[PDB]
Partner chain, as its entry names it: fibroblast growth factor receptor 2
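Just the one chain here, laid out as structure tokens, in the form deposited without its partner chain.
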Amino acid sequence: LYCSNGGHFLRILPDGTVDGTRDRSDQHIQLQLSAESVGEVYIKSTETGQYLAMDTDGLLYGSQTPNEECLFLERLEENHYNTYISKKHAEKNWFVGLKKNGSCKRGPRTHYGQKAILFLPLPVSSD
């Protein structure tokens, strides 16, 4: 998936890791959001099932259950660049983010300024 960064998916590998994808494994590609409410998005996988979650260590995981940890605030940038605060890490402003090679797992680095956080899961050609 397109980001203003090295475009990959927020893939929960079956081998317990939230990594991006130079070599898209086609299935374990965790990235599909189910909005609970207003600007609150649970990042589900429809093939691995697992939910893009965030921990206090400063890294993304594919949690089986949806928590605040998995609930991501639609910050958006307006222009289809869907930035998302992990609800629990509101006090750290930790957004979802794409690691520039073949990875995803962050927290502290990923704020409003890293191209990493600017996702496109919207009606646009560059999606």
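Residue numbers count along the first chain shown, from 1.
In what follows, reference is made to the form deposited with its partner chain bound, a form of this protein that is not presented.
J.: Even though the partner isn't displayed, in the deposited bound form is residue 47 close enough to its partner chain, meaning a heavy atom within 4.5 Å?
T.: Residue 47 lies outside the contact set for its partner chain.
J.: Would residue 90 sit within 4.5 Å of its partner chain in the deposited bound form, counting heavy atoms only?
T.: Residue-level check for residue 90: no, no contact with its partner chain.
J.: Does its partner chain get within 4.5 angstroms of any non-hydrogen atom of residue 79 in the deposited bound form?
T.: Taking the distances in the deposited bound form, the answer for residue 79 is yes, it comes within 4.5 Å of its partner chain.
J.: Is residue 55 close to its partner chain in the deposited bound form, meaning a heavy atom pair under 4.5 Å apart or at it?
T.: Residue 55: no contact with its partner chain in the deposited bound form.
J.: Judged by heavy atom distances of 4.5 Å or less, which residues of 23-38 approach its partner chain in the deposited bound form?
T.: The stretch 23-38, when checked against its partner chain in the deposited bound form, contributes 24, 38 at the 4.5 Å heavy-atom cut-off.
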